[PDB]
Amino acid sequence: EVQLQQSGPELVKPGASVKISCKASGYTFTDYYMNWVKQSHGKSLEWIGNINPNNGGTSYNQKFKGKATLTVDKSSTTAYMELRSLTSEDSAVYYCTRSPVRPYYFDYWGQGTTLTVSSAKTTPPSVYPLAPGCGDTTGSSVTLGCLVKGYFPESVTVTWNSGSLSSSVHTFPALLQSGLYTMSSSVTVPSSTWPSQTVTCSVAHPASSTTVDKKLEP
Amino acid sequence: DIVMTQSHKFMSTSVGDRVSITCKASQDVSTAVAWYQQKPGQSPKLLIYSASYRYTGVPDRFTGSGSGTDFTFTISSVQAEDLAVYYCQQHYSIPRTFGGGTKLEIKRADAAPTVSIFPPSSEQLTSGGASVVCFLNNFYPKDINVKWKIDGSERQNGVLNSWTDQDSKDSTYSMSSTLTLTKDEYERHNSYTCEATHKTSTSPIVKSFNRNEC
Amino acid sequence: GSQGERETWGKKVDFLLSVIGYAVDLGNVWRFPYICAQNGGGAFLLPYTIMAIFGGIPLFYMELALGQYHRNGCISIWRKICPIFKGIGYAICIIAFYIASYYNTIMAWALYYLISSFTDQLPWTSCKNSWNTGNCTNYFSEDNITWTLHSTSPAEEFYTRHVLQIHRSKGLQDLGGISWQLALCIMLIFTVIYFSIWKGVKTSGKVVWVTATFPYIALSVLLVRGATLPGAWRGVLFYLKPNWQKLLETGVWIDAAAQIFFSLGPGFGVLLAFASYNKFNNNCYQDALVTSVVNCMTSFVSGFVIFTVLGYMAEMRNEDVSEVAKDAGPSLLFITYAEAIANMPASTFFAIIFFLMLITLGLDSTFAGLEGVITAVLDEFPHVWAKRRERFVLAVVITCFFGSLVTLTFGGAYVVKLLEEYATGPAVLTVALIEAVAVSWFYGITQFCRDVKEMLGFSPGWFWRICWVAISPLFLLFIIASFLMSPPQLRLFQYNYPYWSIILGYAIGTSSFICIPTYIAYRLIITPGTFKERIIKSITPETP
Ligand SMILES: Ic1ccc([C@@H]2CCNC[C@H]2COc2ccc3c(c2)OCO3)cc1
């Protein structure tokens, strides 16, 4: 149906510029205002501005005037937002959301765009299999894990066997220290399919465009 | 401009209880308030527009009320998947502003933390590092003590506690206590032990393993 | 012998309500409330009065005093003051023409609405008409509606595709042809001014009894009506909320000065003509004073008349009245206000008195507008003219119809703006400056204080003296410089005017101005002597 596919995460050095796209689909693109909402980590939603796709009618917020520049293209039904003078405060998630003209609600949003403004080098993650020992008592279920150590920025994805299954996967948030992140993942799966079948965790780092897959071994 | 104030940053409720989040605006708004539901890790989802009207695709358990400045979002039958952070937003005056955000935490019965200790893998011992892990899964509430024991002594340097958010299925928190050490220090000690003190029981749960090729 | 002394007015109240009739118009109704609520709200009253006291009032009273004292036209009075500036009298004659091309077409719209308002079900309520598109979405229809960028309201559809038919023109480039309905409306207008001007000051002065008093009645009905509407305090809040920070902007003062000037309209020759037909013994200080204070307060209450209905309209919609009051111009009254009064009981009544009120507002002002020019030409070419008044009056009226034929087109509205912004404002400001400087500096403000001292019996205060010598020509100079420095890009109905419009505008702004430096060249070029000799005999008026 109505889909707003935004662009991927961006790691940009402070002081530079960055442009974010927003592919709209599933409705008459010229029939709705295209908005941009900023969401800082742990903060509330912040309205950046809107744009009329017909003529590029940008209506900004006084707080973002000269900070963001909204553009639009009808030939591909895609709205863009460009940001200059990047600081640590801009390291936030940005959404592009559709809205009618009245009443002005935000019915459909995008998945978000993680922006990290830091001069820290893109560090690839170290994937180490967190496997149970060989002396443990195998009960009705075994808990497994995979450790992701030392990466930047927070763009990372830990999957388990192409997403099948994952009805008991506990993913622990990443922690930042000395400019590098570190997280861990776990999965509770019964003992009647291990170690008979194959269980493998896949760690993907989009900012460094790397993907290391490690299989758990007791 | 308009200042939307949500005085209560957190609200505790249970599955099936009647919950209601408040929203205070700067001036008179008539009936121009929209309520959004942002689930952890998802985009904000529109639920209510113009104070009381529900948006399409929203279950009957979500309602809205209020007329003037103060507005209220009501859920009659809270489900495990209704766990989210709710925002209120005005839609009359330029610019459009939002509320501070009210996280709805679900209250349930106590649950015993399942503690599992993990020895450093061979790929990490190969790299020259060794991290002993201690997972604490499915417990309630969030308040829980985690104590480390390298060889019986409470280890405190290099310990990181990571609490996940509440669950959307059984409403059970889960945390990870990580004890990261070097390889040289790992091959000079054997049986690692991590214990957890929770309110479910007075005696902390003690877990141990051996370094000598398990 | 023969004519000799000029005629005299029929009563004091006729000329009081007559100059009030010139002063009060459409702009008083909607222009001032918009510019007021936009520039700092109620705080705008603080500079507006200053720009009144220091700027509008002195020019108003000076013009009026000269008019009643010298009893001459706009062209013949310069013969007896500063002959080289006689071209001023000509310039106004051209300026007025440009104004009469668009000012009455607006009254034609209000007239087309008025005759279209006699039906039990008003046309701009439903969408099942012969002019509505598929975008037309209206009320008494399913609730929950969520407006679209392409959607359009039945009032906007009616004003756009019917009374204007502006969708049938692409802009200034292609605007033809002519809408015969507005031609018949404006023809009826030129008729109703024809039977109110053709005889002279007696008929204008008698029609003014109705054309200047009824707007207060209609504004009173819509005032007490708009006040009883639910949630009307929003428009009043947005209308009078003080935002003193906007007063720090050097623009706002400029807006206030331009507003009070173009709402008192001194130095246009209309006050000269209206003042000429009065008693020499008759006081005029109180006259000018009260008349202005009426135009200003009338604007102040008109603000409520508009923003109460706009407040109710912002309550039925969703507030922040500024959004429902974004567009200033013909759309604030013909669309928003009409659509607002459509949802009220006995809507035929309020509609009839509203658009009838619009025509009633324009009528008196255009009476006076023509009155000044007619007096000027009759006094400048006597005996060669005055053979009949209906001849010259008929000529100028049919001339105004042919002048409005460019405005009766589909894109006529476009032209209306081009003529409303570019042509009148700079030139009128200029001629007011040159006129004020010529009466205060050339003729000498001392001899002027002697003329008023012979007029009212007492010399005008040192306040009026310093206002005429310095404060008033600086008041006009301010708006002149600020205008020339930042001419405005203008847009109407989702259509930005071409870059070259200003060029066209400047032509229409200067094609009327060419007469005064060329007349100074004609005077100084026609009488031989030396440059110092001929300009000294050309700056001093007739001795006998
Ligand atoms: I530039 C300019 C613009 C407006 C004004 C006056 C200001 C307030 N009072 C009415 C108005 C009178 O303006 C006219 C109206 C109709 C007319 C007319 C002149 O000439 C014949 O028909 C003065 C100068």
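Residues numbered from 1 in each chain as written, not as in the entry; some residues may be left out. Chains lettered and ligands numbered in written order. Heavy atoms only, no water. Residues with missing side-chain atoms left out of burial classes, pairs and counts.

Novice: Before we move on, can you summarise the overall build of chain B with the specific residues and values?
Specialist: Scanning chain B from N- to C-terminus turns up two helices and 17 strands. For 214 residues, the compact-globule formula gives about 17 Å, and the C-alpha radius of gyration of chain B, at 23 Å, lies well above that figure. The principal-axis extent of the C-alpha atoms belonging to chain B is close to 70 × 35 × 30 Å. Intrachain contacts of chain B at a sequence separation of at least 6 include 59% that bridge at least 24 residues. (Helix = DSSP H or I, 4+ residues; strand = E, 2+ residues; numbered from the N terminus. Rg over C-alpha atoms; globule rule 2.2 N^0.38 Å. Contact = heavy atoms within 4.5 Å.)

Novice: Explain the overall build of chain A residue by residue, including any values.
Specialist: Helix and strand content of chain A: zero helices and 18 strands. The C-alpha radius of gyration computed for chain A amounts to 21 Å, which surpasses the reference 17 Å derived for 218 residues by more than 25%, pointing to a less compact arrangement than a globule. The principal-axis extents of the C-alpha atoms in chain A amount to approximately 70 × 40 × 30 Å.

Novice: Residues and numbers for the domain arrangement of chain B, please.
Specialist: Residue and element names in this part refer to chain B. On domain assignment, one finds that chain B holds domain 1 (1–108) and domain 2 (109–211). Put simply, the middle of domain 1 and the middle of domain 2, counted by C-alpha atoms, are 37 Å apart. The partner domain 2 presents 13 residues to the nine residues of domain 1 that form the contact. The contact between domain 1 and domain 2 buries some 920 Å² in all, and 46% of this surface belongs to carbon and sulfur atoms. (Domains from an automatic or database assignment. Buried area = accessible area lost by both parts, 1.4 Å probe.)

Novice: Before we move on, could you go through the sheet that holds strand β1 (residues 10–14) of chain B and cite the residues and values that matter?
Specialist: Residues and elements named next belong to chain B. Spatially, the six strands line up as an open sheet ordered β1-β9-β8-β3-β4-β5, and their pairing is mixed. In this open sheet, the two edge strands, each paired with only one partner strand, are β1 and β5 (53–54). With six bridges joining them, strand β3 (residues 33–38) and strand β8 (residues 85–90) adopt antiparallel strand pairing. Note that in β8 the partner of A34 across the bridge is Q89. (Pairing = 2+ DSSP bridges.)

Novice: Please provide a residue-by-residue account of the site of the ligand, values included.
Specialist: Residue and element names in this part refer to chain C. Around the ligand sit 14 residues, and of these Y22, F262, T366, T424 and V428 come closest. In this structure, a nitrogen atom belonging to the ligand sits 2.4 Å away from a main-chain N or O atom of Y22. For the ligand, an oxygen atom lies 3.0 Å from a polar atom in the side chain of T366. With the chains in place, 96% of the 550 Å² that the ligand exposes on its own is no longer accessible. For the shell around the ligand, the secondary structure elements donating two or more residues are α1 (12–23), α5 (87–115), α11 (250–264), α15 (347–380) and α17 (412–442). (Near = heavy atom within 4 Å. Polar contact = N/O pair within 3.5 Å; in protein donor to acceptor, adjacent residues only side chain to side chain. Areas by Shrake-Rupley, 256 points an atom, 1.4 Å probe, with all protein chains shown as cover.)

Novice: Please give an account of the interface of chain A and chain C that cites residues and values.
Specialist: Counting from both sides, the interface comprises twelve residues of chain A and, opposite them, eight residues of chain C. Taken together, both faces of the contact between chain A and chain C bury some 920 Å²; the carbon and sulfur share is 53%. When residues of chain A are sorted by the area they lose upon contact with chain C, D31(A), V101(A) and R102(A) head the list and together hold 55% of the total. Our count for the contact surface shared by chain A and chain C stands at zero salt bridges. At the boundary of chain A and chain C, one finds five residue pairs in polar contact. In terms of residue class, the side of chain A that touches chain C is made up of seven nonpolar, three polar and two charged. (Salt bridge = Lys/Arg side-chain N within 4 Å of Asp/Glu carboxyl O. Nonpolar A, V, L, I, M, F, W, Y, C, P; charged D, E, K, R; others polar.)

Novice: Can you explain the environment of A436(C)? Please cite residues and give values.
Specialist: Topologically, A436(C) is positioned in helix α17. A436(C) has contacts with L59(C) and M62(C), leaving out every residue within four places of it along the chain.

Novice: Summarise the interface of chain A and chain B; cite the residues concerned and give the values.
Specialist: Residue-level contacts link 41 residues of chain A with 41 residues of chain B. Between chain A and chain B, a total of about 3,400 Å² is buried, with carbon and sulfur atoms accounting for 63% of that surface. Applying the counting criterion to the chain A and chain B interface returns one salt bridge. The interface formed by chain A and chain B includes ten residue pairs in polar contact. Contributing elements (two or more residues each) for the side of chain A that touches chain B: β5 (33–39), β6 (45–51), β10 (93–99), β12 (126–130), β13 (141–151), β15 (169–177) and β16 (180–190) of chain A. At six residues, the largest contribution of residues to the side of chain A that touches chain B is made by β15(A). Of the residues contributing to the side of chain A that touches chain B, the split by class is 22 nonpolar, 14 polar and five charged.

Novice: Describe α1(C), listing the residues and the values that go with them.
Specialist: Residue and element names in this part refer to chain C. With twelve residues, α1 should cover 16 Å at 1.5 Å per step; its first-to-last C-alpha distance of 17 Å lies within 8% of that length. Of all twelve residues in α1, nine are buried, a share of seventy percent or more. Among all positions in α1, only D14, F15, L17, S18, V19, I20, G21, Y22 and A23 are buried. (Expected span 1.5 Å × (residues − 1). Buried < 20%, exposed > 50% of the residue type's maximum accessible area, 1.4 Å probe, protein only.)

Novice: Could you give an account of unusual backbone geometry, naming the residues involved and the relevant values?
Specialist: The step from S164(A) to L165(A) runs through a cis peptide bond, and the omega angle for that step is 0 degrees. Here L165(A) lies in the loop between β14 (157–160) and β15. That bond from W194(A) to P195(A) is cis: its omega, 0 degrees, falls within 30 degrees of zero. Take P195(A): it is sitting in the loop between β16 and β17 (200–205). The backbone of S178(A) shows a phi angle near 55 degrees, a positive value even though the residue is not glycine. Secondary-structure assignment places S178(A) in the loop between β15 and β16. Of note, the phi angle at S30(B) is positive, near 60 degrees, even though the residue is not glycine.

Novice: Quick one: what's the story with the pairing of strand β7 (residues 70–75) of chain B, residue by residue and with numbers?
Specialist: Residues and elements named next belong to chain B. With six bridges joining them, strand β2 (residues 19–24) and β7 adopt antiparallel strand pairing. Bridging from a neighbouring strand, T22 pairs with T72 of β7. Looking at chain direction, strand β6 (residues 62–65) and β7 are connected through four bridges and run antiparallel. If you follow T63 over to β7, its bridge partner there is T74. What sits between β6 and β7 in their antiparallel hairpin is a turn of four residues, with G66 showing a positive phi close to 110 degrees.

Novice: Kindly report on the state of the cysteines, identifying the contributing residues and their values.
Specialist: Tallied over the entire structure, the rule returns six disulfides over all chains. Covalently, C22(A) is tied to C96(A) through a disulfide, its sulfur atoms 2.0 Å apart. Classification of the bridge connecting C22(A) and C96(A) rests on its S-S torsion, roughly 85 degrees, and on that basis the disulfide is right-handed. Here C22(A), found in strand β4 (residues 22–25), pairs with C96(A), found in strand β10; they are 74 residues apart in sequence, far enough to count as distant. With its sulfur 2.0 Å from that of its partner, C134(A) forms a disulfide with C214(B). Looking down the S-S bond of the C134(A) and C214(B) bridge, the torsion is 105 degrees, so its handedness is right-handed. Highlighted residues: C134(A) in the loop between β12 and β13 and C214(B) in the segment after β17 (201–209), drawn from two different chains. Considering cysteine sulfurs only, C74(C) is the nearest to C93(C), which forms no disulfide, with 6.6 Å between them. (Disulfide = S-S within 2.5 Å.)

Novice: An account of the sheet that holds β2(B) is requested, with residue identities and associated values reported.
Specialist: All names here are of chain B. Ordered in space as β2-β7-β6, the three strands form an open sheet in which the pairing is antiparallel. Where the open sheet ends on each side, the last strands, each with one partner, are β2 and β6. Taking the axes of each pair of neighbouring strands and ignoring which way they run, one obtains an average angle of 20 degrees across the sheet. (Axes fitted to C-alpha atoms, helices over the stretch in contact; angles between N-to-C directions.)

Novice: If you had to explain the pattern of salt bridges to someone new, which residues and values would you point to?
Specialist: Across all of its chains, the model carries 24 salt bridges over all chains by this definition. Note that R98(A) and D107(A) form a salt bridge whose closest N and O atoms lie 2.7 Å from each other. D107(A) matches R98(A) in its accessibility class, with the two residues each being buried. Close ionic contact of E81(B) with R61(B) constitutes a salt bridge, the shortest N to O distance being 3.8 Å. In this pair, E81(B) is assigned in the loop between β7 and β8 and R61(B) in the loop between β5 and β6, connecting sequence segments 20 residues apart. When its relative accessible area of 43% is taken as the criterion, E81(B) is described as partly exposed. Overall, the relative accessible area of 17% leaves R61(B) in the buried class. Ionic contacts of the salt-bridge type, sharing partners, join the residues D28(B), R234(C), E315(C) and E319(C) into one network.

Novice: Explain the packing of aromatic side chains residue by residue, including any values.
Specialist: Two aromatic rings, taken as a pair, are described by how far apart their centres are and by the angle between their planes. Residues and elements named next belong to chain C. Taken as a whole and assessed by the stated rule, the structure comprises 69 aromatic pairs over all chains. Aromatic pair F195 and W198: ring centres 5.2 Å apart, planes at 50 degrees, arrangement tilted. Taking relative accessible area as the criterion, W198 reaches 36% and is therefore assigned partly exposed. An aromatic cluster of three or more residues is present, and its members are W109, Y113, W124, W131, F158, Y159, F334, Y337, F354, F355 and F493. (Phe/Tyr/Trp six-rings, centres within 6.5 Å; stacked < 30°, edge-to-face > 60°.)

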